[PDB]
Amino acid sequence: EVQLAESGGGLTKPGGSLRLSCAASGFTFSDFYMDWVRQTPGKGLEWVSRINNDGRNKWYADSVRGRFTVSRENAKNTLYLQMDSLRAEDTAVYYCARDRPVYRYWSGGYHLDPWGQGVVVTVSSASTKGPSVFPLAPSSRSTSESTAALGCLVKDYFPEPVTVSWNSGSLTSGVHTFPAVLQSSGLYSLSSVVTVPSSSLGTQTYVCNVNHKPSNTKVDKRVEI
Amino acid sequence: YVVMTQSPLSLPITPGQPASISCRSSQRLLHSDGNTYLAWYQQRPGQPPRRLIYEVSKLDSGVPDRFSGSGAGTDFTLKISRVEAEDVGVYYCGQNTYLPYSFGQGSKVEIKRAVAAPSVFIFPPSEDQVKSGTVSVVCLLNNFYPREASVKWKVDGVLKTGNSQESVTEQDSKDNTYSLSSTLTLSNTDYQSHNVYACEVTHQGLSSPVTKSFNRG
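Shown next, in the form of C-alpha cells:
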C-alpha cells in the first residue's frame, strides 16, 4: 500500500527543461524526507537530491546543483524535480525514494525505502519516433515439437523505453522481452517473444501490446500464422 | 564523498549454498546518532532497487529470513543462508551517513543450474516488412544455460557477417535460464536477392549444431 508513483519522463533537447513528479500514497507524506536518485549503465546509482519533510531544506549533488531544484506540495502528496539546463549527461532512469521520518520531538534514521518505479529521461537533439511493430510468426511445420514460439519485433523507435505485454498482461508465463539494441541509425529495436503449446495456434489469439510513452503511442499487434 | 567498493563483482553459486558479498567504505560510517547507515539493495531487470537490509543488519519487513547483514566501521557483508532461484540479480550497498549519499558499483549474482540446451526458432520477416526500407530476420535461442552461445547466419548456404546483432536477457528468476535473440537486418533489395535463410546454433548443451531455416516465400 505504501506506493510512490512517478511521472513526467521523456525526451528533451539539451538546454531544455523537464519536470518529474512522484505521487505518494499509503503514508503521511508530510512526515518524511524524500530523495531523487538516478541510474545509468555507466555510472551506476547516483544520488541527485534530498528534501526535508516540510520542504524548507533541500540538498543537491554537485553534478546537478544550480540546474535541478527539488520541491514538494504536501497537500497534494507530490514530490517534484525541476530539471533545467539539461545536459546530454543527465540521461538516466530517475527514481524517488522515501527517507527520514519526523516525529513530534525528534527525527528517525536515514533511508531510501521504498523506491518509485522509475522514469526515463533522455536528453538528445534527435527527434521522437514511434515504433514499427511486426509479428514474429512460426510456420505450420513443427507439429510434433510440442511448444511453439511467437513474438513481436519492435523496430526503429526513439527514445527509450518501450514496454511490451501480451494479451493485456494476462499472458506472462514464458515471456522474454529483450533489452533494446541501439542501431547504427541511432534508433532502437527489440523483440519480445513467448512460447506457447502448438495446441494453441488457431485455438487462441496472441496480441502484443507495445507502449511507447515518449511518442505517445500504444500499438497492439495480433500475431498469426 | 564516501566511496563504496564492492566485491566480487560477479558470483557463480550452487543452489542451496550460502553466499557472501562485501562492501568497503572509504570512511567510517558511524553517525552522530549512534547508528551506522549502511543498506543493502537487490535490483532485478526493469525494476527499482528493493531494500533488503538497513542499518548494517536490520531486515526489511517481508524479506526472507535467509538474508542477513554484518559489519562495522568500513567493512560490511551481506549473506544469504541458502540461495534460492529468485536470488539472482544485482546487489548494491549504499551509505546514508553522509551527503552525498553514495552506492557501490553492484555485485551480480548468477546461480548455476543444470545445463539446458536452447530451443531454437527462426522467424521469417512478415510480409509487412518488405515494403519498408529494411527487413529483419530473427533467430531465437530460448531457455538455455549457461549463457555462452554461438549463432551463425547462413544465406543461401553462405555465411553472412556484419549485419546481425545479439541481445540477451538476464538470468531468469524462476527457471534460472537465459534467452538470446540474433536479428539479421538486410536492405529491401538484398533480402530479395536470396532464397534460403538459416541460423546455426552452437552450445555446450547441444551434441551437434542445430540449424533452423526457411525459404523466402
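Chains as they are written, first to last, in the working numbering: chain A, -16 to 208; chain B, 21 to 237.
The C-beta atom is built at its ideal place from N, Cα and C for all residues, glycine as well.
For a quick check, are the C-beta atoms of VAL110/B and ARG86/B less than 9 Å apart?
On the second sequence, position 90 is the one that residue 110/B refers to. On the second sequence, position 66 is the one that residue 86/B refers to. No.
Secondary structure at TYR165/B, three-state DSSP: helix, strand or coil?
Reading the second sequence from its first residue, position 145 is the one you call residue 165/B. In this structure, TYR165/B counts as strand in the three-state DSSP scheme.
The stretch 141 to 161 of chain A: positions lying closer than 7 Å to chain B by Cβ
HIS159 and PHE161
Can you check whether the C-beta of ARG87/A is within less than 9 Å of a C-beta belonging to chain B?
Sequence index remark: in the first sequence, residue 87/A carries index 104 (1-based). Not one chain B Cβ lies under 9 Å of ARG87/A.
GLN149/B: first and last residue of the uninterrupted alpha helix (DSSP H) it sits in
Counted from its first residue, the second sequence places residue 149/B at position 129. It spans 147 to 150 - the alpha helix (DSSP H) in which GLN149/B sits, taken as one unbroken run.
Buried or exposed: where does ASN116/B fall if 16 or more other Cβ atoms within 10 Å of its Cβ makes it buried?
Position 96 of the second sequence holds residue 116/B. Under this definition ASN116/B is a buried residue.
Do three or more CB pairs link the stretch 100 to 111 of chain A to the stretch 58 to 74 of chain A at distances below 8 Å?
yes
Report yes or no: do the stretch 150 to 158 of chain A and the stretch 21 to 34 of chain B share at least 3 C-beta pairs separated by less than 8 Å?
no
Can you pull out the residues from the stretch 15 to 47 of chain A whose beta carbon lies closer than 8 Å to at least one beta carbon of chain B?
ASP18, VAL20, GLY27, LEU28, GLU29, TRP30, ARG33, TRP42, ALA44 and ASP45
What did DSSP end up calling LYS59/A once you bin it into helix, strand or coil?
The residue given as residue 59/A occupies position 76 in the first sequence. It is helical.
On the DSSP bridge list, what partners appear for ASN199/A?
For the purposes of this step, residue 199/A is taken as residue 216 along the first sequence, with counting starting at 1. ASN199/A is not bridged to any residue.
So, using beta-carbon positions, are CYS135/A and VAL206/A closer together than 9 Å?
Here residue 135/A is taken as the residue at index 152 of the first sequence, counted from 1. Here residue 206/A is taken as the residue at index 223 of the first sequence, counted from 1. Yes. Within cutoff.
Sheet register partners of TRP149/A (DSSP bridge)
Sequence index remark: in the first sequence, residue 149/A carries index 166 (1-based). Answer is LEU154/A and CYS191/A.
Which residues of chain C have a Cβ atom closer than 7 Å to the Cβ of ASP73/A, listed in chain order?
Any reference to chain C falls outside this structure, whose protein chains are A and B.
At least one CB of chain A closer than 9 Å to the CB of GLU104/B: is that the case?
In the second sequence, the residue the question calls residue 104/B occupies position 84. Not closer than 9 Å to any Cβ of chain A, the Cβ of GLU104/B fails to qualify, so no.
For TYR63/A, which residues from the same chain have a beta carbon less than 8 Å from its beta carbon, with the 5 sequence-adjacent residues on both sides left out?
Sequence index remark: in the first sequence, residue 63/A carries index 80 (1-based). Counting only Cβ-Cβ distances below 8 Å, and skipping sequence neighbours, we find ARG2, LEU3, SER4, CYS5, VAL53, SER54, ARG55 and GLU56.
So what does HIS159/A bridge to, in DSSP terms?
Here the question's residue 159/A lines up with position 176 in the first sequence. BP columns for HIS159/A point to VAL176/A.
Through-space distance from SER202/B to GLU168/B, alpha-carbon basis
As a first step, residue 168/B must be located in the second sequence, where it is residue number 148. As a first step, residue 202/B must be located in the second sequence, where it is residue number 182. About 13 Å.
Taking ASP18/A as the reference, give the member of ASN35/A, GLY25/A, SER8/A and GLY27/A with the closest Cα.
As a first step, residue 18/A is located in the first sequence; it is residue number 35 there, counting from the start. Checked all of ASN35/A, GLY25/A, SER8/A and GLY27/A; the closest Cα to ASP18/A is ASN35/A.
For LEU204/B and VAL150/B, believed in contact at Cβ under 8 Å, the rounded distance
The residue labelled residue 150/B in the question sits at position 130 within the second sequence. The residue labelled residue 204/B in the question sits at position 184 within the second sequence. No, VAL150/B and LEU204/B are not in contact; Cβ-Cβ is about 14 Å, not under 8 Å.
For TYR21/B, which residues from the same chain have a beta carbon less than 7 Å from its beta carbon, with the 5 sequence-adjacent residues on both sides left out?
As a first step, residue 21/B is located in the second sequence; it is residue number 1 there, counting from the start. Cβ neighbours of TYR21/B beyond the five flanking positions: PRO120 and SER122.
Can you tell which of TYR88/A, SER32/A, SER148/A and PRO(-3)/A has the C-alpha that lies nearest to the C-alpha of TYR118/B?
As a position in the second sequence, residue 118/B is number 98, starting the count at 1. Here the closest residue by C-alpha is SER32/A.
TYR171/A in three-state terms, based on DSSP:
Counting from one through the first sequence, the residue named residue 171/A turns up at place 188. In this structure, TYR171/A counts as strand in the three-state DSSP scheme.
Near-chain B residues of the stretch 174 to 203 of chain A (beta-carbon distance less than 9 Å), N- to C-terminal order
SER174, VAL176 and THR178
Scan the stretch 54 to 106 of chain B and note each continuous beta strand (DSSP E) run of 3 residues or more that stays entirely inside, going in chain order.
58 to 63, 70 to 74, 87 to 92 and 95 to 100
Bounding residues of the alpha helix (DSSP H) (the contiguous stretch that carries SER213/B):
Working through the second sequence from its first residue, we reach residue 213/B at position 193. Note, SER213/B: alpha helix (DSSP H), 208 to 213.
Local Cβ density within 10 Å of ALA92/B, reported as buried at 16 or more and exposed below that
Your numbering for residue 92/B matches position 72 in the second sequence. By the neighbour-count rule (16 or more Cβ atoms within 10 Å), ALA92/B is not buried but exposed.
Can you tell which of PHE96/B, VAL135/B and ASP176/B has the C-alpha that lies nearest to the C-alpha of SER227/B?
The residue labelled residue 227/B in the question sits at position 207 within the second sequence. Here the closest residue by C-alpha is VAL135/B.
Separation of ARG44/B from residue 210/A, as counted between CA atoms
Only positions -16 to 208 of chain A appear in this structure, which leaves residue 210/A out of reach.
Can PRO118/A and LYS201/A be called in contact, C-beta distance under 9 Å?
Counting from 1 along the first sequence, the entry for residue 118/A is found at position 135. Counting from 1 along the first sequence, the entry for residue 201/A is found at position 218. No; because the gap between Cβ atoms is not below 9 Å, this pair is not in contact.
Rounded to whole angstroms, what is the Cα-Cα separation between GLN100/A and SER46/A?
The count along the first sequence starts at 1 and reaches residue 100/A at position 117. The count along the first sequence starts at 1 and reaches residue 46/A at position 63. Near 23 Å, if we compare the C-alpha coordinates of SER46/A and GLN100/A.
Counting Cβ pairs closer than 8 Å, one from the stretch 125 to 135 of chain B and one from the stretch 170 to 180 of chain B, do we hit at least three?
no
Measuring only the C-alpha atoms, how far is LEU154/A from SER181/A?
Translated into positions along the first sequence, residue 154/A becomes position 171. Translated into positions along the first sequence, residue 181/A becomes position 198. Going from the Cα of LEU154/A to the Cα of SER181/A covers about 16 Å.
CA nearest to the CA of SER199/B, picked from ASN183/B, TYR165/B and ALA105/B:
The sequence position of residue 199/B within the second sequence is 179, counting from 1. Closest option to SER199/B, Cα to Cα, is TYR165/B.
Answer with yes or no whether the minimum CB distance from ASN215/B to chain A is below 9 Å.
If you number the second sequence from 1, residue 215/B lands on position 195. It does not: the Cβ of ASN215/B has no partner Cβ on chain A nearer than 9 Å.
Using a Cβ cut-off of 9 Å (strictly closer), state whether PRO114/A contacts chain B.
Here residue 114/A is taken as the residue at index 131 of the first sequence, counted from 1. Not one chain B Cβ lies under 9 Å of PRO114/A.
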